[PDB]
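Chemist: Here you go, model-v7.cif (mmCIF, C-alpha atoms):
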data_query
loop_
_atom_site.group_PDB
_atom_site.id
_atom_site.type_symbol
_atom_site.label_atom_id
_atom_site.label_comp_id
_atom_site.auth_asym_id
_atom_site.auth_seq_id
_atom_site.Cartn_x
_atom_site.Cartn_y
_atom_site.Cartn_z
ATOM 1 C CA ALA A 1 112.536 95.607 82.572
ATOM 2 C CA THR A 2 112.160 99.360 82.691
ATOM 3 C CA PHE A 3 110.220 101.196 85.351
ATOM 4 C CA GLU A 4 109.493 104.844 84.558
ATOM 5 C CA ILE A 5 108.972 106.661 87.857
ATOM 6 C CA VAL A 6 107.156 109.954 87.402
ATOM 7 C CA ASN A 7 106.518 112.666 89.980
ATOM 8 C CA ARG A 8 103.417 114.733 89.213
ATOM 9 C CA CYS A 9 102.957 115.918 92.809
ATOM 10 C CA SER A 10 103.217 119.580 93.729
ATOM 11 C CA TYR A 11 106.065 118.589 96.076
ATOM 12 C CA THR A 12 109.402 116.839 95.674
ATOM 13 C CA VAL A 13 109.555 113.129 96.304
ATOM 14 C CA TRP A 14 112.716 111.132 96.816
ATOM 15 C CA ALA A 15 111.906 107.983 94.886
ATOM 16 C CA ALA A 16 113.183 104.649 96.197
ATOM 17 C CA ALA A 17 113.559 101.196 94.662
ATOM 18 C CA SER A 18 114.770 98.127 96.543
ATOM 19 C CA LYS A 19 114.282 94.386 96.850
ATOM 20 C CA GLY A 20 114.892 94.493 100.584
ATOM 21 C CA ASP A 21 118.575 93.630 100.889
ATOM 22 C CA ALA A 22 119.812 95.628 97.911
ATOM 23 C CA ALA A 23 119.058 98.603 95.699
ATOM 24 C CA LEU A 24 117.239 98.217 92.431
ATOM 25 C CA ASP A 25 119.222 100.297 89.946
ATOM 26 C CA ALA A 26 120.580 103.373 91.829
ATOM 27 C CA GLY A 27 118.176 102.753 94.742
ATOM 28 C CA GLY A 28 116.968 106.328 95.106
ATOM 29 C CA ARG A 29 116.752 109.695 93.401
ATOM 30 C CA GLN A 30 115.339 113.129 94.120
ATOM 31 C CA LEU A 31 112.392 113.940 91.853
ATOM 32 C CA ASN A 32 111.220 117.511 92.040
ATOM 33 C CA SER A 33 107.683 118.206 90.848
ATOM 34 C CA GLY A 34 107.575 117.225 87.180
ATOM 35 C CA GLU A 35 110.727 115.085 87.118
ATOM 36 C CA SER A 36 111.018 111.452 86.030
ATOM 37 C CA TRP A 37 113.495 108.645 86.665
ATOM 38 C CA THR A 38 113.724 105.512 84.540
ATOM 39 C CA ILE A 39 115.295 102.488 86.156
ATOM 40 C CA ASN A 40 116.143 99.026 84.968
ATOM 41 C CA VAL A 41 115.013 96.123 87.098
ATOM 42 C CA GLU A 42 116.646 92.804 86.322
ATOM 43 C CA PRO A 43 114.526 89.962 84.927
ATOM 44 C CA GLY A 44 113.416 87.406 87.499
ATOM 45 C CA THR A 45 113.517 89.928 90.364
ATOM 46 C CA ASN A 46 111.234 88.919 93.235
ATOM 47 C CA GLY A 47 109.906 91.125 96.001
ATOM 48 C CA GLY A 48 110.845 94.431 94.432
ATOM 49 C CA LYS A 49 109.262 97.618 95.740
ATOM 50 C CA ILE A 50 109.118 101.230 94.633
ATOM 51 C CA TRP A 51 107.937 104.032 96.915
ATOM 52 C CA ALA A 52 108.053 107.775 97.486
ATOM 53 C CA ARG A 53 109.795 109.472 100.399
ATOM 54 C CA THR A 54 108.707 112.930 101.468
ATOM 55 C CA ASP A 55 110.552 115.799 103.155
ATOM 56 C CA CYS A 56 114.100 114.493 103.040
ATOM 57 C CA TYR A 57 117.233 116.190 104.345
ATOM 58 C CA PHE A 58 120.438 114.851 102.812
ATOM 59 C CA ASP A 59 123.996 116.112 103.037
ATOM 60 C CA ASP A 60 126.543 116.107 100.224
ATOM 61 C CA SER A 61 127.396 112.442 100.856
ATOM 62 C CA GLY A 62 123.781 111.269 100.548
ATOM 63 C CA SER A 63 123.141 110.776 104.260
ATOM 64 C CA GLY A 64 120.329 112.206 106.356
ATOM 65 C CA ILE A 65 116.662 111.457 106.993
ATOM 66 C CA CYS A 66 113.203 111.533 105.365
ATOM 67 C CA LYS A 67 109.903 112.283 107.117
ATOM 68 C CA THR A 68 108.289 109.284 105.363
ATOM 69 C CA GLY A 69 109.761 106.139 103.844
ATOM 70 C CA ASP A 70 113.289 106.609 105.172
ATOM 71 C CA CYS A 71 115.671 103.795 104.244
ATOM 72 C CA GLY A 72 118.469 103.720 106.821
ATOM 73 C CA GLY A 73 119.085 107.435 106.338
ATOM 74 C CA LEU A 74 120.359 107.054 102.772
ATOM 75 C CA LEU A 75 119.538 108.818 99.533
ATOM 76 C CA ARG A 76 120.266 105.644 97.567
ATOM 77 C CA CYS A 77 118.142 102.977 99.249
ATOM 78 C CA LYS A 78 119.429 99.482 99.865
ATOM 79 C CA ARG A 79 116.622 98.348 102.147
ATOM 80 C CA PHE A 80 112.894 99.014 102.538
ATOM 81 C CA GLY A 81 111.516 102.272 103.915
ATOM 82 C CA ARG A 82 109.940 103.265 107.225
ATOM 83 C CA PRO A 83 106.130 103.430 107.221
ATOM 84 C CA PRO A 84 104.033 105.182 106.178
ATOM 85 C CA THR A 85 104.713 104.224 102.557
ATOM 86 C CA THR A 86 102.357 103.585 99.657
ATOM 87 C CA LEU A 87 104.020 100.574 97.953
ATOM 88 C CA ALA A 88 104.330 99.536 94.316
ATOM 89 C CA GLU A 89 105.204 95.838 94.561
ATOM 90 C CA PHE A 90 106.363 93.445 91.865
ATOM 91 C CA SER A 91 107.893 90.101 91.007
ATOM 92 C CA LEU A 92 108.979 89.502 87.415
ATOM 93 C CA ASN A 93 109.238 86.449 85.138
ATOM 94 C CA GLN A 94 107.514 84.028 87.482
ATOM 95 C CA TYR A 95 106.169 81.069 85.502
ATOM 96 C CA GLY A 96 106.070 83.239 82.393
ATOM 97 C CA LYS A 97 104.244 86.144 84.080
ATOM 98 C CA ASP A 98 104.839 89.339 86.044
ATOM 99 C CA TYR A 99 102.874 90.065 89.228
ATOM 100 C CA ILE A 100 102.172 93.636 90.331
ATOM 101 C CA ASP A 101 100.172 95.279 93.101
ATOM 102 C CA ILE A 102 99.822 98.353 95.264
ATOM 103 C CA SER A 103 99.869 97.912 99.024
ATOM 104 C CA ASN A 104 98.738 100.019 101.999
ATOM 105 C CA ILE A 105 99.901 97.332 104.445
ATOM 106 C CA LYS A 106 102.707 99.669 105.543
ATOM 107 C CA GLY A 107 100.490 102.740 105.368
ATOM 108 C CA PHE A 108 100.053 105.491 102.813
ATOM 109 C CA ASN A 109 102.084 108.619 102.164
ATOM 110 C CA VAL A 110 101.787 109.586 98.483
ATOM 111 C CA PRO A 111 99.106 108.722 95.901
ATOM 112 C CA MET A 112 100.273 106.289 93.252
ATOM 113 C CA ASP A 113 99.379 104.741 89.893
ATOM 114 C CA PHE A 114 101.255 101.559 88.915
ATOM 115 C CA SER A 115 100.622 100.619 85.273
ATOM 116 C CA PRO A 116 102.141 98.474 82.522
ATOM 117 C CA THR A 117 103.432 100.107 79.318
ATOM 118 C CA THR A 118 101.823 97.219 77.395
ATOM 119 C CA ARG A 119 98.116 96.740 76.589
ATOM 120 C CA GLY A 120 98.328 93.149 77.843
ATOM 121 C CA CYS A 121 97.165 93.910 81.385
ATOM 122 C CA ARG A 122 95.580 96.627 83.494
ATOM 123 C CA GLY A 123 97.249 98.973 85.965
ATOM 124 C CA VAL A 124 96.203 99.701 89.542
ATOM 125 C CA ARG A 125 95.880 102.967 91.432
ATOM 126 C CA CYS A 126 95.518 104.240 94.972
ATOM 127 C CA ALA A 127 95.137 107.994 94.754
ATOM 128 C CA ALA A 128 92.254 108.769 97.094
ATOM 129 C CA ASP A 129 92.815 111.382 99.821
ATOM 130 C CA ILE A 130 93.943 108.991 102.511
ATOM 131 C CA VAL A 131 96.107 111.546 104.315
ATOM 132 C CA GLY A 132 93.279 114.114 104.544
ATOM 133 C CA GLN A 133 90.882 111.471 105.870
ATOM 134 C CA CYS A 134 93.360 109.619 108.087
ATOM 135 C CA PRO A 135 91.926 108.789 111.541
ATOM 136 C CA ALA A 136 93.739 110.809 114.224
ATOM 137 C CA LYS A 137 95.223 107.691 115.812
ATOM 138 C CA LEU A 138 96.806 106.661 112.482
ATOM 139 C CA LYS A 139 98.148 110.107 111.543
ATOM 140 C CA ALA A 140 101.929 110.275 111.251
ATOM 141 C CA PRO A 141 103.330 113.564 112.612
ATOM 142 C CA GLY A 142 105.839 113.847 109.764
ATOM 143 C CA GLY A 143 103.156 113.294 107.137
ATOM 144 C CA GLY A 144 101.151 110.353 105.865
ATOM 145 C CA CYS A 145 98.800 107.812 107.365
ATOM 146 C CA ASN A 146 100.175 104.857 109.291
ATOM 147 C CA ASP A 147 98.832 101.357 109.028
ATOM 148 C CA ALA A 148 97.407 100.009 112.277
ATOM 149 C CA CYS A 149 100.169 97.415 112.663
ATOM 150 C CA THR A 150 102.797 100.179 112.800
ATOM 151 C CA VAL A 151 100.748 102.063 115.395
ATOM 152 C CA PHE A 152 99.407 99.326 117.667
ATOM 153 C CA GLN A 153 101.866 96.452 117.189
ATOM 154 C CA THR A 154 99.367 93.688 117.940
ATOM 155 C CA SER A 155 98.618 90.551 115.916
ATOM 156 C CA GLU A 156 95.058 91.829 115.347
ATOM 157 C CA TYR A 157 96.664 94.356 113.015
ATOM 158 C CA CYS A 158 100.125 92.894 112.183
ATOM 159 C CA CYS A 159 98.911 89.379 111.355
ATOM 160 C CA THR A 160 101.879 87.744 113.083
ATOM 161 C CA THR A 161 99.946 84.824 114.595
ATOM 162 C CA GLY A 162 96.863 82.921 113.427
ATOM 163 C CA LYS A 163 94.487 84.271 110.798
ATOM 164 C CA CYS A 164 93.935 88.017 111.033
ATOM 165 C CA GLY A 165 90.868 89.540 109.384
ATOM 166 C CA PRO A 166 89.693 93.032 108.420
ATOM 167 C CA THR A 167 89.606 95.693 111.121
ATOM 168 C CA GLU A 168 88.063 99.149 111.245
ATOM 169 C CA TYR A 169 91.516 100.478 110.350
ATOM 170 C CA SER A 170 92.136 98.138 107.400
ATOM 171 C CA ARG A 171 88.605 98.995 106.209
ATOM 172 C CA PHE A 172 89.548 102.675 106.259
ATOM 173 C CA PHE A 173 92.246 102.022 103.636
ATOM 174 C CA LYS A 174 90.221 99.445 101.695
ATOM 175 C CA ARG A 175 87.138 101.588 101.190
ATOM 176 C CA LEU A 176 89.295 104.460 99.928
ATOM 177 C CA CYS A 177 91.477 102.215 97.759
ATOM 178 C CA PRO A 178 89.766 98.962 96.819
ATOM 179 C CA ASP A 179 92.603 98.003 94.474
ATOM 180 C CA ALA A 180 95.335 98.051 97.117
ATOM 181 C CA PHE A 181 96.131 95.559 99.881
ATOM 182 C CA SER A 182 94.720 96.899 103.163
ATOM 183 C CA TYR A 183 96.108 94.244 105.514
ATOM 184 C CA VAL A 184 98.323 91.181 105.165
ATOM 185 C CA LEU A 185 95.502 88.712 104.429
ATOM 186 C CA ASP A 186 93.359 90.998 102.274
ATOM 187 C CA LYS A 187 91.722 89.356 99.259
ATOM 188 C CA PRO A 188 94.520 89.752 96.719
ATOM 189 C CA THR A 189 94.437 92.611 94.227
ATOM 190 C CA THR A 190 97.562 91.391 92.455
ATOM 191 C CA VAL A 191 97.470 91.775 88.672
ATOM 192 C CA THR A 192 98.995 89.204 86.310
ATOM 193 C CA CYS A 193 100.855 90.815 83.426
ATOM 194 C CA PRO A 194 102.660 89.233 80.484
ATOM 195 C CA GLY A 195 106.174 88.207 81.520
ATOM 196 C CA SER A 196 108.910 90.771 80.805
ATOM 197 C CA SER A 197 106.605 93.786 80.687
ATOM 198 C CA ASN A 198 107.655 97.368 81.403
ATOM 199 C CA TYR A 199 105.904 99.714 83.831
ATOM 200 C CA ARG A 200 105.237 103.266 84.911
ATOM 201 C CA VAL A 201 104.847 104.380 88.518
ATOM 202 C CA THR A 202 103.236 107.808 88.766
ATOM 203 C CA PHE A 203 103.097 109.830 91.963
ATOM 204 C CA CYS A 204 100.008 112.058 92.234
ATOM 205 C CA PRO A 205 98.367 110.735 89.044
ATOM 206 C CA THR A 206 95.420 112.549 87.445
ATOM 207 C CA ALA A 207 94.458 111.402 83.918
#
Kindly present the structure from the file in structure tokens form.
Modeler:
Amino acid sequence: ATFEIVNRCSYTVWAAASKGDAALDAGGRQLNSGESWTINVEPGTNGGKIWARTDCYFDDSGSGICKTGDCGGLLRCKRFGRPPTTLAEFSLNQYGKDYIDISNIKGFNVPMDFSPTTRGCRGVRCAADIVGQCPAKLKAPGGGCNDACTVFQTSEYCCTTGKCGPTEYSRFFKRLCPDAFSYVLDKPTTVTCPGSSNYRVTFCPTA
């Protein structure tokens, strides 16, 4: 499946794509404002994620650090990124279908649209001004808006034990972006697409 990753932000993003223990395609690429990157994701892939990283510093060998979404200090990501990260999440070819969503469970850094290239299902978007409205206690100094689990590290927010519910912090994300997961046990906003679809992930969407 192809994923067209498009940066329409005023700033550079270092795109990342991983399934947690390995890169998807090249794993990462610098996208200056206006640039795109098309990757191939293998059929049947489960637990894939695409995200933006902001304000990265890499040397000639591809090593350094990003202010948001850093993946072990590498340009070409193998593993998932450090919060805060708006997440495009997908599993493909599961019982004949693809499953896509956007998640704020690990916070928000860059606005995102995640849409199929086919008419057979509907895309999702979280592009509200979460960083500008971020409660002070959730603000990340390097940019972005942390989820409450990252900040407070309690089950109330991290949903590690029992059955967590909405909190004032999950509600902050949910009201701004109803179509994205706001905490682990949020009512699902996963979209079912025809199996073997292709997709576009747009940073800073408008139209």
Chemist: Running the PyMOL selection byres ((chain A and resi 192) around 9) on this model by hand, what would come out? Give it as an MDAnalysis selection string.
Modeler: chainID A and resid 97:100 121:122 190:191 193:195
Chemist: If you apply the PyMOL selection byres ((chain A and resi 125) around 12) to this file, what residues do you get, as an MDAnalysis selection string?
Modeler: chainID A and resid 86:88 100:104 110:116 122:124 126:128 176:181 189:191 200:207
Chemist: Atom CA of residue A:172 and atom CA of residue A:18, how far apart in Å?
Modeler: 27.4 Å
Chemist: Could you check how far atom CA of residue A:161 sits from atom CA of residue A:149, in Å to one decimal?
Modeler: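 Spanning atom CA of residue A:161 to atom CA of residue A:149 is a straight-line distance of 12.7 Å.
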Chemist: So which residues touch residue A:164 within 12 Å, counting all atoms listed in the file, skipping near sequence neighbours fewer than 6 positions away, as a PyMOL selection string?
Modeler: chain A and resi 149+154-158+170+182-186
Chemist: Let me make sure I understand: among A:6, A:22, A:66, A:92, which one has the smallest atom-to-atom distance to residue A:46 if we use all atoms listed in the file?
Modeler: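 Selected residue with least distance to residue A:46: A:92.
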Chemist: So what do you get for atom CA of residue A:137 versus atom CA of residue A:171, distance-wise?
Modeler: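 One can read the atom CA of residue A:137 to atom CA of residue A:171 distance as 14.5 Å.
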Chemist: Name the residues in contact with residue A:24 at a cut-off of 10 Å, using only C-alpha atoms, excluding same-chain residues fewer than 6 positions from it; report them as a list in words.
Modeler: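 Neighbouring residues, sequence-local ones excluded: residues 16, 17, 18, 39, 40, 41, 42, 45, 48, 49, 50, 76, 77, 78 and 79 of chain A.
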Chemist: Given only C-alpha atoms as the basis, pick out the residue of A:38, A:140, A:96, A:120 nearest to residue A:82.
Modeler: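 Smallest separation from residue A:82 among the options: A:140.
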Chemist: Calculated over only C-alpha atoms, which of the candidates A:67, A:119, A:106, A:174 has the smallest distance to residue A:143?
Modeler: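 Ranked by minimum distance to residue A:143, first place goes to A:67.
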Chemist: Find the residues near residue A:33: any atom within 6 Å, counting all atoms listed in the file, skip ones fewer than 6 places away on the same chain, and give them as a list in words.
Modeler: residues 7, 8, 9, 10, 11 and 12 of chain A
Chemist: Name the residues in contact with residue A:84 at a cut-off of 6 Å, using all atoms listed in the file, excluding same-chain residues fewer than 5 positions from it; report them as a PDB file with C-alpha atoms, in the coordinates of the input.
Modeler:
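And here is the file that came out, result24.pdb:
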ATOM      1  CA  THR A  68     108.289 109.284 105.363  1.00  0.00           C
ATOM      2  CA  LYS A 106     102.707  99.669 105.543  1.00  0.00           C
ATOM      3  CA  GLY A 107     100.490 102.740 105.368  1.00  0.00           C
ATOM      4  CA  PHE A 108     100.053 105.491 102.813  1.00  0.00           C
ATOM      5  CA  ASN A 109     102.084 108.619 102.164  1.00  0.00           C
ATOM      6  CA  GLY A 144     101.151 110.353 105.865  1.00  0.00           C
ATOM      7  CA  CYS A 145      98.800 107.812 107.365  1.00  0.00           C
ATOM      8  CA  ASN A 146     100.175 104.857 109.291  1.00  0.00           C
TER       9      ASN A 146
END
Chemist: Can you tell me, as a VMD selection string, what residues are no more than 8 Å from residue A:37 when counting all atoms listed in the file, ignoring any on the same chain fewer than 6 positions away?
Modeler: chain A and resid 4 to 6 29 31
Chemist: Evaluate the PyMOL selection byres ((chain A and resi 57) around 10) against this structure - the residues, as number ranges by chain, please.
Modeler: A: 54-56, 58-59, 62-67, 73-75
Chemist: For residue A:94, which of A:130, A:44, A:53, A:188 is the closest residue, counting all atoms listed in the file?
Modeler: A:44
Chemist: Generate the missing atoms of stretch 138-152 of chain A up to N, CA and C atoms and report them as a short mmCIF file (atom, residue, chain, number, x, y, z; two decimals), keeping the file's coordinate frame.
Modeler:
data_model
loop_
_atom_site.label_atom_id
_atom_site.label_comp_id
_atom_site.auth_asym_id
_atom_site.auth_seq_id
_atom_site.Cartn_x
_atom_site.Cartn_y
_atom_site.Cartn_z
N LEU A 138 95.92 107.17 113.53
CA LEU A 138 96.81 106.66 112.48
C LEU A 138 97.68 107.75 111.87
N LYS A 139 97.38 109.02 112.15
CA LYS A 139 98.15 110.11 111.54
C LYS A 139 99.61 110.04 111.94
N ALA A 140 100.51 110.18 110.96
CA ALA A 140 101.93 110.28 111.25
C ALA A 140 102.33 111.75 111.32
N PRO A 141 102.98 112.15 112.42
CA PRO A 141 103.33 113.56 112.61
C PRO A 141 104.15 114.16 111.46
N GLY A 142 105.01 113.36 110.86
CA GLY A 142 105.84 113.85 109.76
C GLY A 142 105.16 113.81 108.41
N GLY A 143 103.88 113.43 108.39
CA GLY A 143 103.16 113.29 107.14
C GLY A 143 102.72 111.86 106.90
N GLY A 144 101.62 111.68 106.18
CA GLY A 144 101.15 110.35 105.86
C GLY A 144 100.23 109.74 106.89
N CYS A 145 99.79 108.52 106.58
CA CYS A 145 98.80 107.81 107.36
C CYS A 145 99.33 106.41 107.64
N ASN A 146 99.67 106.16 108.90
CA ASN A 146 100.18 104.86 109.29
C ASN A 146 99.15 103.75 109.17
N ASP A 147 99.62 102.56 108.84
CA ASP A 147 98.83 101.36 109.03
C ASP A 147 98.69 101.06 110.52
N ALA A 148 97.68 100.29 110.88
CA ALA A 148 97.41 100.01 112.28
C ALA A 148 98.46 99.10 112.91
N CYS A 149 99.10 98.25 112.12
CA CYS A 149 100.17 97.42 112.66
C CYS A 149 101.31 98.28 113.20
N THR A 150 101.78 99.22 112.38
CA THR A 150 102.80 100.18 112.80
C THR A 150 102.42 100.86 114.11
N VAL A 151 101.17 101.31 114.22
CA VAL A 151 100.75 102.06 115.40
C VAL A 151 100.55 101.21 116.64
N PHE A 152 99.86 100.08 116.50
CA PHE A 152 99.41 99.33 117.67
C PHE A 152 100.21 98.06 117.97
#
